[PDB]
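Here's the structure we're looking at; comments come further down.
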Ligand SMILES: [Cl-]
Ligand SMILES: [Cl-]
Ligand SMILES: [Cl-]
Ligand SMILES: [Cl-]
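Residue numbers (the authors' numbering), protein chains in the order written: chain A, 1 to 285; chain A', 1 to 285. A prime marks a further copy of an entry chain.
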């Protein structure tokens with residue numbers, strides 16, 4: 001198999017590094033960013049660097065599109081006419097369900113023998129590499145599952161309309177990032193009078209089975225670390241909600257909240273040592 | 001003891017009914033609403049009906065103010081000059097911390113020997129009656145606790161500035177009602193493609209210790225019942241957050257979400273039988 005990556009950022013290269021160690025695979029890549037940003041990491045993993053999307057698409061039988069959500073459609077339009085017969089095109093982007101369907105239609109118009117896997121990456125790549133849980137739909141989902149399970153990939157196939165995996169991912173992130181925004185808002189408010197611990201004790205006493213204090217402390221700990229990517233992700237979730245006909249009232253407000261929280265984090269000369277001090281810096285901001 | 005109620009709605013009368021069965025107490029009441037709305041329920045519990053706030057305040061040594069948050073301050077201003085020497089004035093309203101402090105100041109200016117209990121009612125009254133968990137601050141908190149623990153009341157005294165109990169209540173409701181709004185939004189979106197169950201299974205597999213599926217199903221069940229009061233409460237929480245210097249981004253959006261959810265509920269000729277059908281009616285709305 002000749003595997004080609006369109007986009008070779010941190011996530012994409014962690015996947016490529018994982019697949020290299022998992023078995024024998026011929027890998028090629030192209031990233032629209034400056035050569036210095038992606039070419040050293042790619043050559044280090046033994047990945048053949050390319051000059052265009054057209055080049056990757058013409059040389060590889062399997063394509064992984066790992067670009068930004070905004071570039072997902074244009075990259076498929078560029079790739080479509082260069083894809084070989086019976087190619088597998090796998091879109092891993094965080095684009096909306098309607099855009100996953102539009103992408104499948106671009107691949108179908110340009111290379112009718114090709115198959116399409118609309119892949120939803122279920123959580124951050126970093127802790128798992130190539131083994132990050134994936135949920136996939138599209139006429140190439142089963143094929144993508146059978147091919148990449150061989151390398152230890154974790155792939156579930158969703159048996160519905162294309163874009164379903166994309167919506168499941170975005171609704172899961174709306175809950176997780178929305179919970180993070182909710183705790184940061186209500187707990188920064190409680191800390192205006194040093195009550196965050198008492199609010200959390202109150203939640204735990206009323207819903208003991210759910211361990212809300214532990215959940216809030218974990219979500220705030222992660223915030224005190226990866227503050228930036230979670231704000232961005234909630235902005236993409238709000239756009240997906242809007243695309244399926246749900247006005248993203250809560251999701252957009254969460255996105256505004258996490259954005260404001262990251263500006264407070266960024267403004268500090270020195271980040272707070274712990275979750276308690278972080279909730280206090282937010283109260284004092 | 002001669003106990004007087006200002007406001008005799010469902011919550012206030014459930015408390016009065018509880019105290020009657022808990023022991024011997026002389027109770028009086030006044031409610032600004034039409035006589036037909038409160039007088040039958042009061043006479044039934046053996047509560048002496050009054051013609052004014054001034055009348056209750058002049059005849060009783062303990063006052064419970066259970067009016068709306070918007071009326072809390074004006075009722076204290078009316079009561080203050082009629083309070084007997086060493087009276088205990090207990091404000092149970094869902095007003096902001098700054099308003100609980102202003103009320104304590106009104107009681108102090110008019111009757112300096114009087115004591116003040118700024119009472120936060122920690123959850124809905126209905127399941128508990130007089131035994132609803134209360135958290136209280138103010139110079140009369142200990143006195144309120146010692147007096148009403150005798151009747152089986154559940155009272156915790158908060159050892160800080162007046163208004164602290166009010167803020168703890170509002171921040172706990174911001175989380176609980178905010179979680180309800182978040183699930184209703186993200187799960188109505190998931191149901192646009194019948195994925196709410198899969199989103200919940202995904203949350204449960206990633207955070208098993210927290211039982212999020214069970215928590216979401218409970219919060220949505222309660223919504224399918226008491227939809228109206230929870231929307232209102234989140235509107236009051238957003239106002240308290242704003243009063244302590246936190247822009248209520250998430251809380252206000254939650255309030256808008258629960259409001260929209262109640263309009264969908266209200267518009268149905270016949271309410272859905274279950275949580276699943278309710279999430280589907282919201283997707284289809
Ligand atoms: Cl990632
Ligand atoms: Cl909506
Ligand atoms: Cl209530
Ligand atoms: Cl703020």
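Every residue gets a Cβ at the ideal spot worked out from N, C-alpha and C, and that includes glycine.
Q) Does ligand 6 have even one heavy atom less than 7 angstroms from the beta-carbon of residue 169 (chain A')? A) By its list of ligands, the structure shown excludes ligand 6, since it contains just ligand 1, ligand 2, ligand 3 and ligand 4.
Q | Within chain A, partners of residue 193 (chain A') - CB distance below 9 angstroms | A | Residue 193 (chain A') reaches chain A at 97, 160, 161, 163, 164, 167, 168 and 244, counting residues in chain order whose Cβ is nearer than 9 angstroms.
Q) Would you say residue 247 (chain A') touches ligand 4, meaning its beta carbon is less than 7 angstroms from a heavy atom? A) True, at least one ligand heavy atom lies under 7 angstroms from that Cβ.
Q: Check whether the Cβ atoms of residue 193 (chain A) and residue 178 (chain A') lie closer than 8 angstroms to each other.
A: no
**Q.** Option nearest residue 69 (chain A') by Cα separation, candidates A':85, A':246 and A':121
**A.** A':121
Q) Should residue 241 (chain A) be flagged as near chain A', meaning a C-beta pair shorter than 8 angstroms? A) yes
**Q.** Counted within 10 angstroms of its Cβ, other Cβ atoms place residue 97 (chain A') as buried (16 or more) or exposed
**A.** Classification of residue 97 (chain A'): buried, given that the 10 Å Cβ count is 16 or more.
Q) Whole-angstrom Cβ separation of residue 13 (chain A') and residue 41 (chain A'), contact assumed at under 8 angstroms? A) 5 angstroms
Q: For residue 72 (chain A), verify whether its CB is less than 7 angstroms away from any heavy atom of ligand 3.
A: Result no, Cβ not under 7 angstroms from ligand 3.
Q: Taking only the alpha-carbon atoms, compute the straight-line gap between residue 45 (chain A') and residue 22 (chain A') and give it to the nearest angstrom.
A: 13 angstroms
Q) Listed in chain order, which residues are found with a beta carbon closer than 5 angstroms to a heavy atom of ligand 1? A) A:11, A:124 and A:125
(Q) The alpha helix (DSSP H) that contains residue 86 (chain A), what's its start and end? (A) Per DSSP, residue 86 (chain A) belongs to no alpha helix (DSSP H) and is neither H nor E.
Q: Count the other CB atoms, across all protein chains shown, that sit within 10 Å of the CB of residue 73 (chain A'); report buried if there are 16 or more and exposed otherwise.
A: Answer is buried; the Cβ neighbour count reaches 16.
Q.
So residue 251 (chain A) and residue 234 (chain A) are supposed to be a Cβ contact under 8 angstroms. How far apart are they, rounded?
A. 6 angstroms
Q.
Could you give the first and the last residue of the continuous beta strand (DSSP E) run that contains residue 151 (chain A)?
A. First-last for residue 151 (chain A): undefined, no H or E at that position.
Q. Going by the beta-carbon positions, is the gap between residue 64 (chain A) and residue 5 (chain A) smaller than 8 angstroms?
A. yes
Q. Helix, strand or coil: how does DSSP classify residue 4 (chain A) here?
A. strand
Q) Any residues in the segment 16 to 50 of chain A with a beta carbon nearer than 7 angstroms to a beta carbon of chain A'? Which ones, in chain order? A) none
(Q) What does the Cβ neighbour count give for residue 51 (chain A'), buried or exposed, with the cut at 16 atoms within 10 Å? (A) By the 10 Å Cβ count, residue 51 (chain A') comes out exposed.
Q.
Does the distance between the C-beta of residue 260 (chain A') and the nearest non-hydrogen atom of ligand 2 fall short of 7 angstroms?
A. yes
**Q.** Residues that residue 156 (chain A') bridges to, as DSSP identifies them
**A.** A':135
Q: Specify, as a first and last residue, the run of the beta strand (DSSP E) that residue 65 (chain A') falls within.
A: Run containing residue 65 (chain A'): 62 to 65, per the beta strand (DSSP E) assignment.
Q.
Any beta carbon of chain A sitting closer than 8 angstroms to that of residue 209 (chain A')?
A. Closer than 8 angstroms to some Cβ of chain A, the Cβ of residue 209 (chain A') qualifies, so yes.
Q.
Quick check: what's the CA-CA separation for residue 210 (chain A') versus residue 78 (chain A)?
A. 45 angstroms
Q) Relative to the alpha-carbon of residue 170 (chain A), which residue among A:31, A:100, A:189 and A:276 has its alpha-carbon at the smallest distance? A) A:100
(Q) Contact criterion: CB-CB distance below 8 angstroms. Does residue 183 (chain A) meet it with respect to chain A'? (A) Interface residue (Cβ-Cβ distance to chain A' less than 8 angstroms): residue 183 (chain A) is classified as such.
Q) Would you say residue 254 (chain A') faces chain A, with C-beta separation under 8 angstroms as the test? A) yes
Q) If residue 88 (chain A') sits next to residue 62 (chain A'), beta carbons under 8 angstroms apart, how far is it from one beta carbon to the other, in whole angstroms? A) 5 angstroms
Q) Under a three-way DSSP split, which group does residue 263 (chain A') fall into? A) helix
Q) Roughly how many angstroms lie between the CA atoms of residue 212 (chain A) and residue 203 (chain A), to the nearest whole one? A) 6 angstroms
Q: Give, in chain order, every residue of the segment 70 to 97 of chain A whose Cβ lies closer than 9 angstroms to some Cβ of chain A'.
A: For the segment 70 to 97 of chain A, the set of positions with a beta-carbon nearer than 9 angstroms to some beta-carbon of chain A' reads 97 in chain order.
**Q.** Boundaries of the beta strand (DSSP E) in which residue 197 (chain A') is found, first to last residue
**A.** Counting along the chain, residue 197 (chain A') falls outside any beta strand (DSSP E), though it belongs to the alpha helix (DSSP H) covering 196 to 206.
Q) What three-state label does DSSP hand residue 270 (chain A) in the structure shown? A) coil
Q) On the three-state DSSP scale, how would you describe residue 31 (chain A)? A) coil
Q: Please state whether DSSP places residue 119 (chain A) in a helix, a strand or coil.
A: Look at residue 119 (chain A) here: in three-state DSSP terms it is strand.
**Q.** Helix, strand or coil at residue 281 (chain A') according to DSSP, with G and I counted as helix
**A.** In the structure shown, the three-state DSSP call for residue 281 (chain A') is helix.
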